[PDB]
Amino acid sequence: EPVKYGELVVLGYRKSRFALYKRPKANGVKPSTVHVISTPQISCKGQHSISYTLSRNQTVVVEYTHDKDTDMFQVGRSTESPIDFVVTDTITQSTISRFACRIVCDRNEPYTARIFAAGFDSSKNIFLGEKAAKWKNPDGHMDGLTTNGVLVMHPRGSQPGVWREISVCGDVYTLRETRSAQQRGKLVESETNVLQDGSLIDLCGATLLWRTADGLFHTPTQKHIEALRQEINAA
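With the UniProt record's numbering applied, the sequence shown covers 15 to 27, 39 to 66, 71 to 120, 132 to 197, 203 to 280.
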């Protein structure tokens, strides 16, 4: 009983193309207890945690727990243990993040893949410092954007679609004024962070092509070569 979620492919113009398979024992996490605390002078939890540091005092700490029905896959430029696919730039300095983003996959059918901005570090942490876009929504919960952000788009199946920012909790947002301003975009309550076949993900410095399991199983990505170049003409 082997199961492949799908595949990642680095668009040209540390490997080429990373496939994703349902790991034996669930990797996934999902958030729980929240702690809020002020301080004259970053902090977190010896577990999976995300830290939102609002003032020079108050800091929210969302401590993530084991999720039974999901697998996590981390992408970024770090080569430490928690990164599952190392992505280098697609050329000076270095734009991509060490822990760019997570791909969380449902372990039961139809094995949906969803993307989240930021990956946990070699310490189980995401840190969101003052100098980075954050907020609480009416839902009650905290959320933020990564400094550069993860941008996702999906084309019409004809193709070139619209680019969007992914928060650190899913939630789709319209682009910032300019790529990475502290001023975040606007919510899109009606779009999700689901990766449908042939979605594009810009990690800021590299682009990746998501491919659904059934996706590849019907069309080879070779036929989609021209469109991807016509569509990468969105930038």
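Cβ coordinates follow ideal geometry from the N, Cα and C atoms, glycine included.
Item	Value
May I have the straight-line CA-CA distance separating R196 from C249, to the nearest angstrom?	23 Å
Between which residues of its own chain and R138 is the CB-CB distance below 6 Å, once the five residues before and five after are set aside?	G105, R106, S107
Are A158 and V213 closer than 7 Å when you measure CB to CB?	yes
Let's see if you can read the secondary structure: which residues bound the beta strand (DSSP E) around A280?	It is not in any beta strand (DSSP E) - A280 carries neither H nor E in the DSSP assignment.
Report the rounded CA-to-CA distance for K231 versus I155, giving the unit in angstroms.	18 Å
Assign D259 to one of two classes, buried (16 or more other C-beta atoms within 10 Å of its C-beta) or exposed (fewer than that).	exposed
Considering just the uninterrupted stretch of the alpha helix (DSSP H) at residue 129, what are its terminal residues?	The structure shown gives no position for residue 129: in the chain, residue numbering passes from 120 to 132 with nothing in between.
Using DSSP bridges, identify the partner residues of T119.	BP columns for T119 are empty, so no partner.
Roughly how many whole angstroms lie between the Cα atoms of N177 and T94?	21 Å
What residue range is occupied by the uninterrupted alpha helix (DSSP H) comprising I270?	270-276
Short check: CB of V190 to CB of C141, under 7 Å?	yes
Here's the rule I'm using: 16 or more other beta-carbon atoms within 10 Å means buried, otherwise exposed. How should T186 be labelled?	buried
Tell whether a beta-carbon distance below 7 Å holds between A251 and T119.	yes
Which of the three DSSP states, helix, strand or coil, is assigned to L245?	strand
Tell me the DSSP secondary structure of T82 in three-state form.	strand
Does DSSP put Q267 in a helix, in a strand, or in coil?	helix
Pull up the distance between the alpha-carbon of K97 and that of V54, whole angstroms please.	8 Å
Taking the continuous beta strand (DSSP E) assigned at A251, which residues delimit it?	Run containing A251: none; DSSP gives neither H nor E here.
Tell me, to the nearest whole angstrom, how far the beta carbon of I62 is from that of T82; I am working on the premise that it is less than 8 Å.	10 Å between Cβ atoms; not a contact.
What span of residues does the beta strand (DSSP E) with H60 cover, start to end?	54-62
Using only the alpha-carbon positions, how far apart do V24 and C73 sit?	33 Å
Which class does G169 belong to by DSSP, given the choice of helix, strand or coil?	coil
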